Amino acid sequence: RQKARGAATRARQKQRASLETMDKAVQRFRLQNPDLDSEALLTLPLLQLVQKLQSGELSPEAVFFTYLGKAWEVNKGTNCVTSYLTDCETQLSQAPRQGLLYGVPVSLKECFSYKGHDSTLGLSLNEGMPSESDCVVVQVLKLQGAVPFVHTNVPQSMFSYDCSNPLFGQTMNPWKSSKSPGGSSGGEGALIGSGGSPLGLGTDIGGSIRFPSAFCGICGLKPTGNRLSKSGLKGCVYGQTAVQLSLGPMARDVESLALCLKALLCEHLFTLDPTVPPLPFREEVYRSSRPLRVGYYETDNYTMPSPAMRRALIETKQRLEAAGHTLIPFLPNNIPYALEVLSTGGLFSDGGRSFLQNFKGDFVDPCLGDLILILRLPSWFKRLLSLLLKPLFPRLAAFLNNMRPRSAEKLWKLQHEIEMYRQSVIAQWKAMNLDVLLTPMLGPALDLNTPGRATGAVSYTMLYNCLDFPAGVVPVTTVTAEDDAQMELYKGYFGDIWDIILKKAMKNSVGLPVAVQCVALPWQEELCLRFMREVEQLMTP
């Protein structure tokens, strides 16, 4: 193991030196600017901030070093920053003046490659392997005048909805230090959720923008997979195309997400990665205020919602009704198949073997639970264990049986099944003539080191990765004393270990934020945002 302890020791040196460097930059600026009203600057909504940077009434230096100071402050209680992107102070002086994000500091999940910086993903084998260049989206941020300034922490390998790794340690939820911030984009959740960044980018293959956004009380959007460029994104496995990775924005409000997508969907993006269809942001769809046919469900019949989740969904449904929208009960067909056969099978078509090589000679962070141990089991044993457990615990059995290695021949068949399911749900959708779909979102924040074992709780988000529909989350309420007391009677639909862990993990959550999820059809990001904007305006005043 000693090569892996060396990786951790070096990564902590680097993190500390980064935080030290931030502190010294911050102190230098405050010394020269003792009268700046930093709290008034920090609490400006992004749109007003961009307006003020663009007119010249706030300088980029003032915005940048004030935020940088807030990031360092909030990092003390959250451990969300892994690295300071040193050259950002000279990017700040060169920021294209007409750019739609001129002078906006932006946070990046660690997997977004940045020249001269590791994208470790918490894995020892990626330590001391700096990126040769910025990834495409980061290039596009800079060309629109933004100032990427920190890399934020992720769970090891990015395959947990918690956020700890053996290199930089454990990130914490800013609302409550005993709670997870979510993941894998958890560092972003904590930073943005505590006020230390007005905008960041995350990734999401099973819910990893939406979990942290919902747990930390902020907005996030997972677009259609190929709406933005993945060129230069660091990952654990490459070439898996049945369940797509998507990237999108995280921010305090929905208008920030719209601004960000609008800034990214420009000629710079489309010429830097011609493989992305050149679909400009359709402002008129986003700004529409016509009544919507909104499908909805209180539950997916897979993960029993928390009382807080249920109340969030029902109150949102009612308030949308009062505004003139038509609410239509709607549950996508065959969710169990989509999760257990299609999703699992798509993510682990090779039995997890490629994924597992990343851990050779490495520690396994406890927030991954027993994932590594289970994936390591021989195919024949996965099958036998599956058959043993089927009459007792059919969910665990299904999971085990669908994470076995298979032939290219069977992967073709699975990929076709994924296509056909997508056409199935689209057909279901168009028969009830929906515009959008309102669902519960997992919440409130689970206890630290529990997402690794509450594996079924991914059901609410994973469905829309499998379907590759754009999905976003918006905070609508906070857990009440009554909501939390009612957790005592939570039973789950199955009563397996996944339900038992989730039950305990969601207790002691008074005051934590709770979200709903908003879905549209593929390529309809503008409509998803329009809907999100509506939920935000009616529920959070």
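We number the residues from 1 along the sequence you see.
When the two stretches 157-165 and 82-90 are set side by side, the higher mean Cα temperature factor goes to 82-90. Here the stretch with the larger average CA B-factor, out of 141-149 and 427-435, is 141-149. Between the residues 378, 232, 391, 277, the entry's highest C-alpha temperature factor is the one at 391.
When the modelled residues of the chain are ordered by C-alpha B-factor, residue 419 sits in the lowest third. When all modelled residues of the chain are sorted by CA temperature factor, residue 72 is found within the middle third. Remark: residue 469 belongs to the lowest third of its chain, ranked by C-alpha B-factor as recorded.
Among all modelled residues in this chain, the alpha-carbon of residue 288 has a temperature factor (C-alpha) in the middle third. In the PDB entry, residue 267 places in the middle third of its chain by CA B-factor.
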